[PDB]
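Shown next as structure tokens: one chain only, the form deposited in one PDB entry.
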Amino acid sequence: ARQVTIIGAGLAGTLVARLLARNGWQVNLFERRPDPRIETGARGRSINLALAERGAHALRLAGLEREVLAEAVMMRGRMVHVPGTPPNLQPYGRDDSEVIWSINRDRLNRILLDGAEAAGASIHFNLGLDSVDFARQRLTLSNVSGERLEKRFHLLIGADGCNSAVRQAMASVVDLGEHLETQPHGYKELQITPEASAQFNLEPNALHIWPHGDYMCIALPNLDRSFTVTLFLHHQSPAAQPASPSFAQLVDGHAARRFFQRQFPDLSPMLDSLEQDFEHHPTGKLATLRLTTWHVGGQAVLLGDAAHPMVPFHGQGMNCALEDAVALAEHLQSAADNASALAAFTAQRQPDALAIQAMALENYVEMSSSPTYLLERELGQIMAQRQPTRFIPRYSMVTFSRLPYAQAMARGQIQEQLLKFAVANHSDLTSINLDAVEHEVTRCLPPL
């Protein structure tokens, strides 16, 4: 049986462990954290993510989708909250088959852990990867106390997140051609209780947004009607705009409350523990990291966040990580050797990871922010009605299809260009020749 060592029992690592182990591979998975399935007396916060078709299909292939969806909250559309106006629901798709799912991160991780062990993988917790000796095929792990353990490896999979120790080790034997693009927004996680969400009539079957230009809040529902609220806000105020809001200006919980009362007045009354959450929850960091190289011969490979950290504005990081796990398991299972598998995996996934990284950055302005843009959307809907196999909105291609991200981006750009060009020099839909725009759709977009 072929052997593999996986670092990181997160989302991609556990899925790839199950897929390989059920194909008869001898799988050892090492995780720095303790086993979350071991119930303790600790009070762990109910953080969520959005599961879309790419992640759902990966779980479906693994035979875990039904179990994950049993605890997932349907999000039918985007609920935009702007003070003065009642909340407006913008459905994401054509019906309830085109929705996204709010899932508890910890619950998803537990189902994946159970799944990997059921398939025969061995999971070793409280062991963090410190270093790799590629020449000797040995690695060094340690617990929180720094007590070291050395292990031999045959194939190493780095599924160890955005601050990957496997990636750092690879960078000592190969030039990974890394480019780090820091993101100016930090994030803070806050909570809305089930009582508060019900009192203020907050729709449970929607993804909620409080746009505010340079900053915003997003809320995702939980099964118990609580919501996680995430504030995206600059770590520091820029030189050009010193007065502009930032985390640096919010010195304590009381400052955060005054900021919410002024900038998010319909949201602040729903945030009962705002002061405590602000002070006790650390401010998260966001970034985009692009690598030229994801592997070292047939010895080691990166996937998910270890390979391609991205900004979370499209809710596609986990979806991409699960899609990566399927691709990696498929290449490893069927290749002539590990070296061929790793090179083919990298060649297939790298253009798609770059496309989703770019689309995730672009989606911030879509959420956080026009007379011309409403005319564009109206025109885009007519085109989607007239040519349903040619004109598919970019959000739908990314979220509800398994079309390669690079193709979704390329088709999305043609669509965005067509709409922009068509509405330019026109104030309304009645002055636009619909058949001429449709001819450009049939000319530039092959049917899918």
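For clarity, a rigid core is taken as the largest C-alpha set superposing within 1.5 Å between two forms. A residue's number is simply how far along the shown sequence it sits, counting from 1.
Another form exists, deposited in another entry; not displayed. Remarks below refer to it.
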| query | finding |
| --- | --- |
| Conformational change between the shown form and the other one, one of 397, 68, 50, 419, C-alpha moving 2 Å or more after core fit | 419 |
| Threshold 2 Å Cα movement between the shown form and the other one for residue 146, core superposed | yes |
| Large Cα move at residue 155 between the shown form and the other one, threshold 2 Å, rigid core | no |
| Is_shifted residue 381 between the shown form and the other one (CA, 2 Å cut-off, rigid core) | yes |
| Sense of the change in Cα distance from residue 118 to residue 43 in that other deposited form - at least 3 Å versus the shown form | closer |
| Pairwise C-alpha change, residue 146 versus residue 168, in that other deposited form against this form - closer or farther, 3 angstroms or more | farther |
